[PDB]
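Note sheet for the following structure.
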Amino acid sequence: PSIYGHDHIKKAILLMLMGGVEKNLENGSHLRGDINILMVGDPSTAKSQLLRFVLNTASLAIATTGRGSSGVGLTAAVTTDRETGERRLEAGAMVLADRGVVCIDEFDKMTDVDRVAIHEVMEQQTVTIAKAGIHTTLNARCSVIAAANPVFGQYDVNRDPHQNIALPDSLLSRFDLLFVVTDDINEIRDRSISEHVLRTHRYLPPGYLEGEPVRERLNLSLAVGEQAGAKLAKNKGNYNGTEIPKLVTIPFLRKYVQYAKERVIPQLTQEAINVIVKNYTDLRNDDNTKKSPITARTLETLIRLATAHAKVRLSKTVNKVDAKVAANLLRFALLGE
Amino acid sequence: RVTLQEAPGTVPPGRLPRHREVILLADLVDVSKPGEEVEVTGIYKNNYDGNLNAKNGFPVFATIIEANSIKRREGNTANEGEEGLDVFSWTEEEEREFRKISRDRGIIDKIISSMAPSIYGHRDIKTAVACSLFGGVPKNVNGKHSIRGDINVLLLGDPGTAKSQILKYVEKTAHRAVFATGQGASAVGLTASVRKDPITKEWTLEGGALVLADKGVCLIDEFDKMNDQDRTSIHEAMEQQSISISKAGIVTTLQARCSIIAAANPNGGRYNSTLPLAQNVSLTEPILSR
Amino acid sequence: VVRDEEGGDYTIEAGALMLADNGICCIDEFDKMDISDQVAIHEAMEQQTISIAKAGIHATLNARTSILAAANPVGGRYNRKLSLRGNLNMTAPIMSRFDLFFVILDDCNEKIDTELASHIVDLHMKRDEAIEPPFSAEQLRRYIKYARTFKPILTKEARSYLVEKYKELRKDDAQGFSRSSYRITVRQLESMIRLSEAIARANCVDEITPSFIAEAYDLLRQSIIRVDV
Amino acid sequence: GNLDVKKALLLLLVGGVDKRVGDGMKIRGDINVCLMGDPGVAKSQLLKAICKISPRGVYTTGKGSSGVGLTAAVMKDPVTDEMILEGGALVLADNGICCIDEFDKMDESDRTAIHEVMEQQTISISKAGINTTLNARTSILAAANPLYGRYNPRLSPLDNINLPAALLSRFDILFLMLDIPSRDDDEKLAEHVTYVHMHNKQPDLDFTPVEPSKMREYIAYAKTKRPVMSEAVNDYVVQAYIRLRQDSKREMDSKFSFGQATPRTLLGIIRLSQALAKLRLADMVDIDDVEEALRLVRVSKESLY
Amino acid sequence: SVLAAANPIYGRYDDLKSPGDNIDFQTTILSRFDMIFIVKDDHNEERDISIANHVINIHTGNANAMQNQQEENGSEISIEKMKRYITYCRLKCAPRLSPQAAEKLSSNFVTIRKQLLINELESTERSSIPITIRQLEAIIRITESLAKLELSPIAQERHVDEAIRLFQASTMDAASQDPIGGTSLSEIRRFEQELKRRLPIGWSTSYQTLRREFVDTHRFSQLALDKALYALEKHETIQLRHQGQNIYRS
Amino acid sequence: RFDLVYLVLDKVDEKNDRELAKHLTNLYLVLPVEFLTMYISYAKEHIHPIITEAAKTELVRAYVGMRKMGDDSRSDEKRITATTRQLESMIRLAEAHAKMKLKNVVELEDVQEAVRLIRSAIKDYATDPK
DNA sequence: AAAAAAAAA
Ligand SMILES: Nc1ncnc2c1ncn2[C@@H]1O[C@H](COP(=O)(O)OP(=O)(O)OP(=O)(O)O)[C@@H](O)[C@H]1O
Ligand SMILES: Nc1ncnc2c1ncn2[C@@H]1O[C@H](COP(=O)(O)OP(=O)(O)OP(=O)(O)O)[C@@H](O)[C@H]1O
Ligand SMILES: Nc1ncnc2c1ncn2[C@@H]1O[C@H](COP(=O)(O)OP(=O)(O)OP(=O)(O)O)[C@@H](O)[C@H]1O
Ligand SMILES: [Mg+2]
Ligand SMILES: [Mg+2]
């Protein structure tokens, strides 16, 4: 709630945390099931903060930076055991994050060589290690979110999108959604964001006075821990009243996503298929300038987003409204409003 | 105990050096320093060894040298004027003679004229070299302000002006002198370097060229051609008189009290008298002001 | 300087100049040297020493050598219109290092090439061992080793003639132009002294006659006659 | 869609003319075809399909794994560190089907390895006095893209593969897959993909009387028959080569300059006619096979535009 | 906290050169920093005399006495007492803002953002020193640090004004210094002829009348003010007095 | 510094392409044995031929002839194409020709063969001018 | 086996 704007970024994050279902076939091998989001923008536009929020609110996630990591040790390492005296593999950065989400900062500043590891993993969600007589395929079906800044200090709107991004096209084509953020100078928005940020910094922890700094505390009183339906104490979530629309607390949202990721596996119908194919054809043959080229992968992204939105409303079938909202989100992420 | 190799100046060209072991008893501890060429007078002795016999298969014995006298021979190769373990030590009568001859009128002129007696002219260069190798006084204000007390000298001019001969004489007469030249010196070679010890297997500090110049003079030839990355690593040595390293988990600061004397050549090989100094050399103000 | 990967060698390897100590180094094709050697040579030549300080090892190696080199003019053929500086690509400080220059040209004259081909053929088949030198190799080595054991000196008239010659050589070249001709330094006087001493050694005389000074001056002057022509 | 590439793969699975000629001159029955196309054309998916359906298929790439190129799999393997080694060898290079994605990615070592494997040449790289050469006889499958990732209106050899032209001339068939935005084709592609997704299975929209194991048996059956050549087509192939050299007379017209002169073009068309006699026909080589090979070459060049 | 020292390209700042190519740091790294000080050398011989006297006295023969008096008259405190005081203040106090201070901060941020937009629009290139929300957070932290000096639980206008002054110094010194970087100059000559022709030495005209006439002609308002203050900067024969109304020609 | 150089230029013509097509198709549808190797060994190590005085005149005449071509009716100082490398080329080639056929002294045919062989390569060394 | 510093291309 403390991040102003970035509405569709929040919507994409919500769809990503509880993405679509994985499809497997006896003849079609494997179909990717989750969604990846990449953000590029000029400095001080709240990308690292949103990434930290996603790290905090996710059920399972691993924090990683581009410069402080090495691709060889990021997937698997060979070390000797002190007791037995043999050598055994150690899980890497994203192997620990299997079925989770991996967040990487300074993505463009990472060494090019290590990027091949991502090229290995994001391709088929499986890393294969073959070194010192060890032959094993390790499963890693994680989703990766990255944030990188353009080559220049600030984004150039009048320049080619390709020359503004240091990353090669091969990896950029894999990411489903590309988001560009700029801090356009406008006195109205400057005043609004200024009063919002000043509101944020005037906050006091409950039950604690303002004259002394924040002090550490002890653990919970219990070493081990553990009327119905009439309370709605932490259900409604509107802890403080500042706007007419509702708001929900974080733990209930985590409970909601936990329930949704397990109890619901939706299926699609022909009504959404018609909208998907129609909007794909219209987007492909509009013949106007666009930020990124499209291909058959974008339609598969639309299908995965439609499945994710069929999951978000707790329904077993895909409604055409999900196709419409997915098309609108894609059109924003590729054209802009 | 210390390992003694062969001096590269006396080894046959293209061959390999020979190693021996030297043992230092009391009053000889820490006299020698790594990287410093020395001359040791000692006693040759032999002792039994087991593994050495095992590897060679013959009754071979190990040999060591126990030191009895050490004489430093770094830089000052001129070793014919006088004898002794050290040539920079004075007796009481020599102190008396110093005091007797230090009071006569116009001793500054005699000192200046007695330096490099085989070079004609260049009085200003001789005066500058004397003032640079005599040095000043470092200042410490309340233990909280530091003022450098050594003088740097830069030489510049046309070829065939015997700058290198002056540098050689300065190296000969100084107590602690180190000679570097052209591109043959790197940025990390002049300053301190970090190295992994092959035996104990952890990072350690290796004394650089400037560290050997403490209480002494560091001489550089062909200063202009030296690459900028190899030239920007001595700013602290000139001004701050300290070397700081933060590498491989080691955070230490090394003191360095050295005077830098450099020689170079202008653009085009000759000095254009009708142009300012800014258009004669490619050096900038941060290096020129020091 | 070479060191083993994670190895405690930190040893130096000797270049051709280092191996040629107390001898003659014969470098061929001087033109395509690189910057490091191109700036190390004019320190190795004049000061007869090489100094290095890299990666924690410092040393001053002895490089007492007598160098002889060959080169090819830029463009292939020597252009008689221009001078030595115009044709060669070497730097001005390197030229001052050398003590003598020899420029040799080929031509299309029919009288010379026939003699050259005949002499090549004769040595190839007819008289492959029957060449006619005035003295044998062993006699040459004996005389050279006998003459190397002499140290000539200089007399009063030799000094006066030498200073007069140096003054004349400094004056006449500086009369040409300013900021375009700069070729005579004290190194030229030292070269005259060395060449006179060598010529005195050749005749096995403990003293030096001004005729030797005149011959050395003639050599150094025709080194400048060539650059004019 | 993409019937041409599937037909080329089928003709590849049988193999060209082989087992030498008179006097011992070397001829290789393996066909070397390269696939050109922008990202997002499922050439990698088709490569995975052909690798899965071919028992001898192997997939490699530029680095990622180091013990795959220029070295065998038995390096420093035994507990005694006996250093068992053959020297210069590849992965199952004998009668194998090497498949590579991102054929512009690999470093100089693997590129030199391919330059060593050109035209069934043995691998003779030695390190410690070993000369146990591996008799490499394999077909080459290469999929790559121009480093710009898209086609350009300018001169087409400027894109090519960003690889030396000597390697390019080695290959038998070059096929280009250019993504052209069209409503009447992208509509069908989208409908087929979404119908595949809807059923969560292979759709009944397809109509194939043959099955993967069925053709797995039939490829071996057709390779067993092994027809031999016929003489009456020599004049036809000679005049075809003459008109190909006539085309080379116009290679300076440029903008699709790939129509260059090479005797390996004649060798490849002979091999493709042999394969077009091998795949279905009995011990007989027909002129229609030469005609079909010529049409395949023309269609392969046609995608340049 | 990071305290970094750096030198611009070409040694001295070389003010005649554009500010864009005197600093090689990217936009991203400069944003994290929030107090950028450009110390330039100057020559007027009075500050030079003062500095020479200061250094000459600070030579150890004299300073060893004078500084002692600074600890005897209570004008300064020793280093260790300052260390104890700073650790005590860091442990104890942690101030907080007030709504009036928040309003003043918001207004100041909007003002500086608009001024940056004006300078960018005139210059027609991206500014080498950016202004973002990080700068607003920086000013907030400066106000809080100023309030932390006196152990005040609440930060008020007295600290906010000084923090704003410090930020104004560190902004006008580096970011908004000579944004012009030195219609083109064809009008510049055309104006300067008119003032000499129509306005003799010693007389004066109102600013409003000159602006009116030159907006009536092709000159317009934007062109006039820039070279008006330029000719004032030249100060050879143009002087301002009596607020911004009297254009005196010296 | 090479002794010789050979250039191959495959250009599109009807006749040569037809001939290559026929020849390659016929191959697709008088040679000794290691005898060659032992003959070569015998020539290498038993045979040591020398040049005679008669061939010297022809060698000098050939050198002059390639010298005379190197200049023309203009004072432009045309390129010097007759180098001593050519001389070593012809002497070595003529001696090697006498090495073949197990002879002991050279004949004229050797020197004409050598000069023709070198000048055939030189005649194809010209650029677009001349 | 894997990380980090140095000289040469
Ligand atoms: N819309 C916003 N609402 C609240 N704070 C914001 C907003 N945009 C930026 N900020 C503030 O900008 C500051 C910069 O934070 P941060 O470095 O994480 O951002 P960023 O855009 O990811 O930067 P970078 O590209 O340098 O990593 C934060 O203190 C954050 O509070
Ligand atoms: N008064 C003098 N001034 C200059 N040179 C002199 C003088 N007296 C003698 N010489 C001779 O001049 C020569 C100059 O030596 P050298 O070539 O090393 O000098 P340099 O031009 O300073 O050198 P570098 O090439 O290192 O810049 C020496 O051989 C020296 O003997
Ligand atoms: N014609 C098509 N029919 C069906 N699926 C297709 C088609 N073209 C592309 N695809 C889709 O493309 C994906 C695989 O293609 P892929 O992107 O690997 O191709 P590529 O050209 O080799 O690209 P890259 O080098 O970027 O991997 C699959 O999800 C597949 O469904
Ligand atoms: Mg950030
Ligand atoms: Mg692919």
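Residue names in the structure tokens use chain letters A, B, ... in the order shown, residue numbers from 1 in each chain, and ligand numbers from 1 in the order shown.
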
Cut-off 12 Å, only C-alpha atoms (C1' of nucleotides) and all ligand atoms, neighbours of ligand 5 as an mmCIF file with N, CA, C and O atoms, in the first residue's frame:
```cif
data_model
loop_
_atom_site.group_PDB
_atom_site.id
_atom_site.type_symbol
_atom_site.label_atom_id
_atom_site.label_comp_id
_atom_site.auth_asym_id
_atom_site.auth_seq_id
_atom_site.Cartn_x
_atom_site.Cartn_y
_atom_site.Cartn_z
ATOM 1 N N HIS A 119 19.903 -19.113 -19.418
ATOM 2 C CA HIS A 119 19.578 -19.677 -20.723
ATOM 3 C C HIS A 119 19.379 -21.181 -20.641
ATOM 4 O O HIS A 119 18.566 -21.743 -21.383
ATOM 5 N N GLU A 120 20.103 -21.850 -19.741
ATOM 6 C CA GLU A 120 19.911 -23.285 -19.569
ATOM 7 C C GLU A 120 18.619 -23.589 -18.822
ATOM 8 O O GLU A 120 17.903 -24.533 -19.172
ATOM 9 N N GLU A 123 14.875 -22.288 -20.243
ATOM 10 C CA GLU A 123 14.482 -22.988 -21.462
ATOM 11 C C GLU A 123 13.553 -24.156 -21.153
ATOM 12 O O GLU A 123 12.430 -24.227 -21.666
ATOM 13 N N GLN A 124 14.003 -25.087 -20.305
ATOM 14 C CA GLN A 124 13.257 -26.312 -20.046
ATOM 15 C C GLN A 124 13.026 -26.584 -18.563
ATOM 16 O O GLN A 124 12.560 -27.676 -18.217
ATOM 17 N N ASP A 169 18.461 -10.394 -27.397
ATOM 18 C CA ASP A 169 17.068 -10.682 -27.725
ATOM 19 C C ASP A 169 16.663 -12.098 -27.334
ATOM 20 O O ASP A 169 15.477 -12.353 -27.083
ATOM 21 N N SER A 170 17.621 -13.027 -27.276
ATOM 22 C CA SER A 170 17.289 -14.427 -27.023
ATOM 23 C C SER A 170 16.605 -14.601 -25.672
ATOM 24 O O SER A 170 15.569 -15.266 -25.570
ATOM 25 N N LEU A 171 17.170 -14.005 -24.622
ATOM 26 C CA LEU A 171 16.561 -14.101 -23.301
ATOM 27 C C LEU A 171 15.360 -13.175 -23.155
ATOM 28 O O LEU A 171 14.412 -13.510 -22.436
ATOM 29 N N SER A 173 13.139 -12.583 -25.349
ATOM 30 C CA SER A 173 11.977 -13.220 -25.955
ATOM 31 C C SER A 173 11.293 -14.201 -25.011
ATOM 32 O O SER A 173 10.100 -14.474 -25.181
ATOM 33 N N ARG A 174 12.017 -14.736 -24.024
ATOM 34 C CA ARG A 174 11.416 -15.702 -23.110
ATOM 35 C C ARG A 174 10.488 -15.026 -22.107
ATOM 36 O O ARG A 174 9.413 -15.555 -21.798
ATOM 37 N N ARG A 297 4.773 -17.241 -29.049
ATOM 38 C CA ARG A 297 4.927 -17.308 -27.599
ATOM 39 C C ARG A 297 3.943 -16.383 -26.892
ATOM 40 O O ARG A 297 3.475 -16.691 -25.790
ATOM 41 N N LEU D 35 19.069 -25.282 -40.746
ATOM 42 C CA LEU D 35 17.777 -24.610 -40.678
ATOM 43 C C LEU D 35 17.985 -23.175 -40.216
ATOM 44 O O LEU D 35 18.586 -22.938 -39.162
ATOM 45 N N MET D 36 17.489 -22.226 -41.003
ATOM 46 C CA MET D 36 17.568 -20.808 -40.691
ATOM 47 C C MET D 36 16.179 -20.282 -40.355
ATOM 48 O O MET D 36 15.201 -20.611 -41.031
ATOM 49 N N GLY D 37 16.097 -19.469 -39.310
ATOM 50 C CA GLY D 37 14.823 -18.897 -38.926
ATOM 51 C C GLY D 37 14.971 -18.016 -37.705
ATOM 52 O O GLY D 37 15.914 -18.155 -36.917
ATOM 53 N N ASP D 38 14.016 -17.104 -37.565
ATOM 54 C CA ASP D 38 13.961 -16.221 -36.415
ATOM 55 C C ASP D 38 13.480 -16.980 -35.183
ATOM 56 O O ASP D 38 12.872 -18.046 -35.298
ATOM 57 N N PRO D 39 13.758 -16.461 -33.986
ATOM 58 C CA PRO D 39 13.223 -17.094 -32.775
ATOM 59 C C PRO D 39 11.702 -17.110 -32.786
ATOM 60 O O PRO D 39 11.055 -16.179 -33.272
ATOM 61 N N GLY D 40 11.134 -18.183 -32.244
ATOM 62 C CA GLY D 40 9.693 -18.326 -32.185
ATOM 63 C C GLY D 40 9.097 -18.982 -33.414
ATOM 64 O O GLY D 40 8.003 -18.616 -33.852
ATOM 65 N N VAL D 41 9.811 -19.953 -33.981
ATOM 66 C CA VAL D 41 9.333 -20.717 -35.126
ATOM 67 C C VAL D 41 9.265 -22.209 -34.832
ATOM 68 O O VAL D 41 8.874 -22.989 -35.706
ATOM 69 N N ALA D 42 9.621 -22.624 -33.614
ATOM 70 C CA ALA D 42 9.559 -24.024 -33.186
ATOM 71 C C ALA D 42 10.459 -24.918 -34.032
ATOM 72 O O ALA D 42 10.149 -26.085 -34.280
ATOM 73 N N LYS D 43 11.590 -24.372 -34.484
ATOM 74 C CA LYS D 43 12.607 -25.234 -35.074
ATOM 75 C C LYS D 43 13.290 -26.073 -34.006
ATOM 76 O O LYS D 43 13.670 -27.218 -34.266
ATOM 77 N N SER D 44 13.444 -25.525 -32.797
ATOM 78 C CA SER D 44 13.975 -26.308 -31.686
ATOM 79 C C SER D 44 13.024 -27.435 -31.302
ATOM 80 O O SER D 44 13.466 -28.540 -30.974
ATOM 81 N N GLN D 45 11.715 -27.170 -31.325
ATOM 82 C CA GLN D 45 10.746 -28.219 -31.025
ATOM 83 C C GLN D 45 10.799 -29.333 -32.064
ATOM 84 O O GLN D 45 10.751 -30.520 -31.719
ATOM 85 N N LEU D 46 10.901 -28.970 -33.344
ATOM 86 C CA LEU D 46 11.022 -29.980 -34.389
ATOM 87 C C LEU D 46 12.328 -30.752 -34.255
ATOM 88 O O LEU D 46 12.377 -31.960 -34.520
ATOM 89 N N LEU D 47 13.401 -30.067 -33.852
ATOM 90 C CA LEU D 47 14.668 -30.745 -33.605
ATOM 91 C C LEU D 47 14.542 -31.743 -32.460
ATOM 92 O O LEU D 47 15.071 -32.857 -32.537
ATOM 93 N N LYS D 48 13.845 -31.362 -31.389
ATOM 94 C CA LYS D 48 13.619 -32.296 -30.292
ATOM 95 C C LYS D 48 12.789 -33.487 -30.754
ATOM 96 O O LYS D 48 13.053 -34.627 -30.356
ATOM 97 N N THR D 61 25.166 -28.359 -27.680
ATOM 98 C CA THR D 61 25.092 -26.905 -27.750
ATOM 99 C C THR D 61 26.444 -26.329 -27.353
ATOM 100 O O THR D 61 27.352 -27.052 -26.935
ATOM 101 N N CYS D 99 22.469 -32.971 -33.499
ATOM 102 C CA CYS D 99 21.504 -31.881 -33.526
ATOM 103 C C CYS D 99 21.996 -30.764 -32.621
ATOM 104 O O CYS D 99 22.366 -31.011 -31.468
ATOM 105 N N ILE D 100 22.007 -29.538 -33.141
ATOM 106 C CA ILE D 100 22.534 -28.385 -32.421
ATOM 107 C C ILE D 100 21.541 -27.238 -32.528
ATOM 108 O O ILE D 100 21.051 -26.933 -33.621
ATOM 109 N N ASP D 101 21.244 -26.608 -31.395
ATOM 110 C CA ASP D 101 20.509 -25.355 -31.354
ATOM 111 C C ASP D 101 21.476 -24.216 -31.064
ATOM 112 O O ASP D 101 22.493 -24.404 -30.389
ATOM 113 N N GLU D 102 21.148 -23.032 -31.577
ATOM 114 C CA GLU D 102 22.027 -21.866 -31.509
ATOM 115 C C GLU D 102 23.407 -22.204 -32.079
ATOM 116 O O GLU D 102 24.427 -22.205 -31.388
ATOM 117 N N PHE D 103 23.401 -22.505 -33.378
ATOM 118 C CA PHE D 103 24.614 -22.925 -34.068
ATOM 119 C C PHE D 103 25.618 -21.792 -34.235
ATOM 120 O O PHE D 103 26.740 -22.040 -34.689
ATOM 121 N N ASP D 104 25.245 -20.561 -33.897
ATOM 122 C CA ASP D 104 26.185 -19.450 -33.874
ATOM 123 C C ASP D 104 26.798 -19.220 -32.497
ATOM 124 O O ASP D 104 27.620 -18.309 -32.348
ATOM 125 N N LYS D 105 26.416 -20.013 -31.494
ATOM 126 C CA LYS D 105 26.802 -19.719 -30.117
ATOM 127 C C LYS D 105 28.156 -20.316 -29.743
ATOM 128 O O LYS D 105 28.925 -19.685 -29.009
ATOM 129 N N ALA D 142 21.738 -28.317 -37.889
ATOM 130 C CA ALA D 142 22.092 -27.027 -37.317
ATOM 131 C C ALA D 142 20.894 -26.094 -37.375
ATOM 132 O O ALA D 142 20.312 -25.886 -38.445
ATOM 133 N N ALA D 143 20.529 -25.537 -36.224
ATOM 134 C CA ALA D 143 19.491 -24.525 -36.123
ATOM 135 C C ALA D 143 20.087 -23.286 -35.474
ATOM 136 O O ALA D 143 20.691 -23.376 -34.400
ATOM 137 N N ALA D 144 19.921 -22.140 -36.124
ATOM 138 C CA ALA D 144 20.495 -20.898 -35.624
ATOM 139 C C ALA D 144 19.703 -19.731 -36.191
ATOM 140 O O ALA D 144 18.781 -19.905 -36.990
ATOM 141 N N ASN D 145 20.074 -18.534 -35.752
ATOM 142 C CA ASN D 145 19.450 -17.297 -36.191
ATOM 143 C C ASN D 145 20.521 -16.241 -36.421
ATOM 144 O O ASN D 145 21.618 -16.332 -35.855
ATOM 145 N N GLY D 149 18.498 -11.301 -34.952
ATOM 146 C CA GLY D 149 17.263 -11.953 -34.571
ATOM 147 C C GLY D 149 16.103 -11.752 -35.518
ATOM 148 O O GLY D 149 14.986 -12.171 -35.198
#
```

**Asked** Can you tell me which residues sit at most 9 Å away from ligand 2, counting only C-alpha atoms (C1' of nucleotides) and all ligand atoms, written as an MDAnalysis selection string?
**Response** (chainID B and resid 118:122 156:167 221:222 263:265) or (chainID C and resid 42:43 46:47 93 96:97 185:187 190)

So that I have them on file, write out the residues from the current selection with C-alpha atoms, as a compact mmCIF listing (two decimals), in the first residue's frame.
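So the final result, stored in result.txt, reads:
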```txt
# COMPACT_ATOMS: atom_id res chain seq x y z
CA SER B 118 81.76 14.95 -14.06
CA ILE B 119 78.72 16.82 -15.46
CA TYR B 120 79.25 20.31 -16.85
CA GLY B 121 76.71 23.03 -16.19
CA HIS B 122 73.17 22.39 -14.98
CA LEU B 156 62.11 17.63 -18.49
CA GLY B 157 64.13 18.56 -21.54
CA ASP B 158 65.73 17.60 -24.83
CA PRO B 159 67.67 14.37 -25.42
CA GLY B 160 71.39 14.27 -24.79
CA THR B 161 71.16 16.29 -21.56
CA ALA B 162 72.47 13.61 -19.14
CA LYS B 163 69.34 13.29 -17.02
CA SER B 164 69.90 9.54 -16.65
CA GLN B 165 73.46 10.11 -15.41
CA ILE B 166 72.10 12.43 -12.72
CA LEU B 167 69.57 9.76 -11.77
CA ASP B 221 62.99 7.05 -15.87
CA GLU B 222 60.86 7.70 -18.97
CA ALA B 263 62.58 12.22 -15.91
CA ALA B 264 60.57 12.53 -19.11
CA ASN B 265 60.64 13.92 -22.64
CA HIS C 42 66.79 2.94 -25.95
CA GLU C 43 67.34 2.31 -22.24
CA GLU C 46 72.69 3.83 -23.78
CA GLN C 47 72.72 2.72 -20.13
CA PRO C 93 65.51 9.14 -30.04
CA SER C 96 70.56 9.10 -31.96
CA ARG C 97 71.31 5.78 -30.24
CA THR C 185 74.54 15.77 -29.69
CA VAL C 186 77.40 14.94 -27.30
CA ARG C 187 76.78 11.30 -28.21
CA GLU C 190 81.60 10.16 -27.85
```

**Asked** Hey, which residues come within 9 Å of ligand 1 if we count only C-alpha atoms (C1' of nucleotides) and all ligand atoms? Could you give them as an MDAnalysis selection string?
**Response** (chainID A and resid 1:6 40:52 105:106 147:149 181 183 193:194 196:197 200) or (chainID E and resid 28:29 31:32 132:134 137)

**Request:** Have a look at atom CA of residue D:28 and atom CA of residue D:277 and let me know their distance in Å, one decimal.
**Result:**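 Going from atom CA of residue D:28 over to atom CA of residue D:277 covers 16.4 Å.
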
**Request:** Give the residues of chain C that lie within 10 Å of chain G; count only C-alpha atoms (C1' of nucleotides), and format the answer as an MDAnalysis selection string.
**Result:** chainID C and resid 1:3 54:55

**Request:** Please give the complete set of residues from stretch 8-210 of chain A that DSSP, run on the backbone, assigns to alpha helix (DSSP H), formatted as a VMD selection string.
**Result:** chain A and resid 8 to 17 48 to 57 71 to 75 112 to 124 161 to 164 169 to 172 187 to 201

**Request:** Name the residues in contact with residue D:153 at a cut-off of 12 Å, using only C-alpha atoms (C1' of nucleotides), excluding same-chain residues fewer than 2 positions from it; report them as a ChimeraX atom specification.
**Result:** /D:150-151,155-159,255-256,304-305

Export of the given selection (C-alpha atoms) as a PDB file, in the first residue's frame:
```
ATOM      1  CA  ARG D 150      15.251 -10.874 -37.619  1.00  0.00           C
ATOM      2  CA  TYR D 151      15.472 -10.739 -41.393  1.00  0.00           C
ATOM      3  CA  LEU D 155      21.683  -7.920 -48.955  1.00  0.00           C
ATOM      4  CA  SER D 156      20.940 -11.375 -47.534  1.00  0.00           C
ATOM      5  CA  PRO D 157      24.511 -12.788 -47.237  1.00  0.00           C
ATOM      6  CA  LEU D 158      25.115  -9.999 -44.706  1.00  0.00           C
ATOM      7  CA  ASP D 159      22.833 -11.970 -42.381  1.00  0.00           C
ATOM      8  CA  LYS D 255      20.425  -9.241 -52.898  1.00  0.00           C
ATOM      9  CA  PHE D 256      20.049 -13.022 -52.731  1.00  0.00           C
ATOM     10  CA  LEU D 304      15.132 -15.710 -49.424  1.00  0.00           C
ATOM     11  CA  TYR D 305      12.964 -13.307 -51.462  1.00  0.00           C
TER      12      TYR D 305
END
```

At a cut-off of 9 Å, can you tabulate as JSON lines every residue of chain A near chain G together with its closest atom pair and the distance in Å to one decimal, using only C-alpha atoms (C1' of nucleotides) and ordering rows by chain then number?
```
{"residue": "A:72", "atom": "CA", "partner": "G:2", "partner_atom": "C1'", "distance": 8.8}
{"residue": "A:73", "atom": "CA", "partner": "G:2", "partner_atom": "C1'", "distance": 8.2}
{"residue": "A:77", "atom": "CA", "partner": "G:1", "partner_atom": "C1'", "distance": 8.3}
{"residue": "A:78", "atom": "CA", "partner": "G:1", "partner_atom": "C1'", "distance": 6.3}
{"residue": "A:79", "atom": "CA", "partner": "G:1", "partner_atom": "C1'", "distance": 6.9}
{"residue": "A:80", "atom": "CA", "partner": "G:1", "partner_atom": "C1'", "distance": 8.9}
{"residue": "A:132", "atom": "CA", "partner": "G:1", "partner_atom": "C1'", "distance": 8.6}
```

Put those residues in a file: N, CA and C atoms, as a tab-separated table (two decimals), in the first residue's frame.
```tsv
chain	number	residue	atom	x	y	z
A	72	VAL	N	28.25	-20.81	-11.92
A	72	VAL	CA	28.68	-22.17	-11.63
A	72	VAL	C	28.22	-22.59	-10.24
A	73	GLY	N	28.37	-21.71	-9.25
A	73	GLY	CA	27.89	-21.98	-7.92
A	73	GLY	C	26.44	-21.64	-7.69
A	77	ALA	N	27.14	-27.27	-6.84
A	77	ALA	CA	28.54	-27.23	-6.44
A	77	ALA	C	28.97	-28.60	-5.95
A	78	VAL	N	30.26	-28.89	-6.11
A	78	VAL	CA	30.84	-30.16	-5.70
A	78	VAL	C	31.73	-29.90	-4.49
A	79	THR	N	31.39	-30.51	-3.36
A	79	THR	CA	32.16	-30.39	-2.14
A	79	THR	C	32.32	-31.76	-1.50
A	80	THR	N	33.38	-31.92	-0.72
A	80	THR	CA	33.66	-33.18	-0.05
A	80	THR	C	33.05	-33.18	1.35
A	132	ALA	N	33.23	-34.09	-12.69
A	132	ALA	CA	33.90	-34.96	-11.72
A	132	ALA	C	33.13	-36.26	-11.50
```
